[PDB]
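Taking it in order: structure first as structure tokens, then the write-up.
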Amino acid sequence: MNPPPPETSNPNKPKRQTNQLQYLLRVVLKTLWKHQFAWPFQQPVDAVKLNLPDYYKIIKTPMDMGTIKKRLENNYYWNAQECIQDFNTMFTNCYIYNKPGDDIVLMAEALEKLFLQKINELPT
Ligand SMILES: Cc1ccc([C@H](C)Nc2ccc3c(c2)N(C2CC2)[C@H](C)C(=O)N3C)cc1
């Protein structure tokens, strides 16, 4: 019941390694990765393990930090804005599928606060 995960490698994609993208991996993602609440978001939602066959009926553009990490490590992105959009997709998916006050939403909200603080200032 799980869809194939989002692509992390694509040679036809134009790739770039900007200072901002290096920082998004070295600083932003690796800070969030060690957060006490990161673990649900370190890999795609496994709807089979969670017994949530409804998850991928609702969420049609899944995203997670494990995919984001592999993309950054594959220099998959052209600019930091594309990577930030992936983070935002991951958070928005969680708020769409769940309801305010749910434990998973509190974890996402905490990660997002940290995320917004870390990207408030990026390199030039
Ligand atoms: C507080 C708590 C409760 C359950 C789990 C289970 C083990 N793993 C898990 C990983 C990712 C997600 C979810 C569960 N949930 C909901 C099920 C709670 C939905 C699908 C969601 O949107 N995401 C991003 C972890 C943390």
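Atoms within a ligand are numbered from 1 in the order they appear, just like the ligands themselves. We're numbering straight along the sequence, starting at 1.
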After noting the C-alpha distance and the side-chain angles of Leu122 and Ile84, does the key distance pass the side-chain contact (heavy atoms from CB on, under 4.5 Å) rule?
CA-CA 12 Å; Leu122 301 176; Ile84 285 156; 4.3 Å; yes
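The salt bridge (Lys or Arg N to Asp or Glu O under 4.0 Å) test with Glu73 is passed by exactly one of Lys69, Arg71, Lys70: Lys69.
Residues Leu29 and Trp39 share a hydrophobic cluster, clusters being chains of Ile/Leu/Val/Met/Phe/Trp/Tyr side chains in contact below 4.5 Å.
Closer than 4.0 angstrom to ligand 1 lie heavy atoms from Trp39, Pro40, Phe41, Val45, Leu50, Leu52, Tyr55, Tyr97, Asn98, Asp103, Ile104, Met107.
Using a 30° and 60° split on the angle between ring planes, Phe91 and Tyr95 fall in the parallel class, below 30°.
Without hydrogens or angle criteria, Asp102 side chain to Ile104 main chain gives no donor-acceptor distance under 3.5 Å.
Using modelled atom types, one finds no donor on one side chain facing an acceptor on the other under 3.5 Å when comparing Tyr76 with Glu82.
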